[PDB]
């Protein structure tokens, strides 16, 4: 009835009463824009047949199809509901064809459940039988979280749909898209999901990855929940103002998880506990990365490397794009334009830097007796290509080198082939990390060099609103064949399988190291293997603004090392845009300036040795590097516990509804507030100051604002950076590389809260060994301040850095003058009495001539 609650029965064409009648739906052409004229009745779909059956894990139910017209075809007579109370905070239910096995995602991390129902549930499940619906409610307040009763269950071979009411309009997630805002537009929006090489622009299309997870903040108490659909077929998600969300997919099964938490962070941690927590990055990967498509020659690349080094830019990583290769073919380098490549790699390494190489999936099939191409010959020997529908002939498409075949990374034999290719190539060019691109998989022809046969896979009864309207557009035929199944079912898993296989190759090429993998295409869980960048953006102010929601969303998806191409991939970048983008970009979890072919240089040093852009870039990159121990400890918590790294204001300040749609500012973890200027010509920014004590990072002075909108003054050389009272931030004196910075003196910034208290922590390991956390080879220490006292305590202590690191400076914000400062080491008074400098105007104390060894317990005490 209520028009906001109508579930659209004609998603496929403009609505007509004739089609409405044919489908047995309800007709009412009255309503506002976007309200469906034709909608499902209150008894379309399925009913429960007989009784539910208790099982050890939860229960099952048989659903029987309520007689109806077959809109998009073969509609399943008998559906089985299997429900599992997997944990106190996670519910799993799956709807399958009772009579036939159907494709299920072969996820690498998620395991089948074998236990008994969890005790102490935070939720209750309710089942209605006529018609079928399922509801998940929060036990403590009976808030209805998931409720499918707004709409039917639809379950045909190539058309599956289920809807849920939502308890609020605070909805975040879904991908990969450019949403433009972070809090969802619930006003009749459809988001298609199907991995596609397309521009992240203002048109709201399907982009490179597939992420079905969303989080909902139920109210200001912080209680939140999330939902994940384990399905890799083309789909779309429909948001409406009831509020409700509908999932509509074209194959597979409806395999759902519902997660509850007391805060938005706890929901993310529950999601990541299920699909896999992100890999811990190499510490060097947290530094600044520089890149462009078509330096053209090694000489031109060297020029760029050298002018940025000459400028003393913090600068850890150089990427090499397809111009390094011999005619854009993997596992080669151009012996003329890139003559001396191995010597250049030595220079990079000698200067404490890292090389990341681009590698594409598609392999040139141009190889002869006369002119052999090794990777193709060896791949063909092992028979690891994606085949055409005939099941035996490798599919031919077209990418950078010309005609190509495509590896089937779902075949574990393919990982063996891939690893060997990397071993051979690493012997020639000693790269340190790998950038996997075009892995949607991207094809320059639609389907294959012979197009695609018309059939129900290439041309399904219902096509979600993907870019160009055909599944095989700029990708492979839907009836192509791989180890895990047909492309129709596993298309969205290509980039995921490739990331898995590339991590496997790293085990051999980089024994016991993390290395670094940057991936374009992703599926749920890709973060366990890889970082992500947000794709081929454009040098516009809109693109700068749109990057923040994309970063925040990928942190929800457990891919916290994420960022756009700073300054913009496509087009020449205006100096002002690039300056603002470098200021902000210094605080993306993944910080990379990358540029498209032919455009004017946009590396920082290219703007002039004395320029405002270079000076500002260097300044804020130096702050980023100073705070790297804090950022690294955030990545430790994402890896070990599932926390976000780049974090929405509302995850910390959910009590305050002014934060619920803030997406022009974000946090690093709980304590650092980042406020960019995001408008052309502006020297200020309208910003929200949450309900906490804040201190300006640069001056240390407490801001006079709290829980209110403000116009923050930020001239051309500034970005807003504020530290939260109650938090202690570990720092380390910066250098132009992390190789070197990791050997420098440490520091602490203690930002006092109103009670003159604060707490913080520091994770420290070797920065590069894989699984130091799982194998327990690390240091974790805690800092806590009360009146008159700092305690440094050690909770895990199985790694001691051989560089004799020590805290040599402590800066205290929001303090009255400390006097008689005293340092004790395990109770014993130690090392003279430190030097204390005090600014009574700003209420800042700095303690120096101190040496608190990393890994040792101390008490530091003072009077007022």
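Rigid core here is just the name for the largest C-alpha set that superposes within 1.5 Å across the two forms. Positions refer to the first chain, counted from 1.
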statement: Between 257-265 and 183-191, the one drifting more in C-alpha RMS in 8 other deposited structures of this protein once the core is aligned is 183-191
message: Between 712-720 and 71-79, which has its CA atoms farther from the current form in 8 other deposited structures of this protein, using a rigid core superposition?
response: 71-79
- request: May I ask whether residue 831 is missing from the deposited models in at least a third of the other compared entries?
  value: yes
- prompt: Which has higher Cα B-factors on average according to the PDB entry: 807-815 or 822-830?
  reply: 822-830
- prompt: Going by the B-factors listed in the PDB entry, is the mean over the C-alpha atoms higher for 601-609 or for 366-374?
  reply: 366-374
field: Candidate set 238, 166, 566, 392 [ranked by C-alpha B-factor, highest]
entry: 392
message: According to the Cα B-factor stored in this entry, which of the following is highest: 722, 789, 592, 624?
response: 789
- prompt: Lowest, middle or highest third: where is residue 361 by Cα B-factor in its chain?
  reply: middle
query: Ranked by Cα temperature factor within the chain, is residue 380 in the lowest third, the middle third or the highest third?
result: highest
Relative C-alpha B-factor of residue 718, binned into the chain's lowest, middle or highest third: middle
- request: Just say lowest, middle or highest third for the CA B-factor of residue 270 relative to the other modelled residues in its chain.
  value: lowest
statement: Of the three thirds of Cα B-factor ranks in this chain, residue 176 occupies the lowest
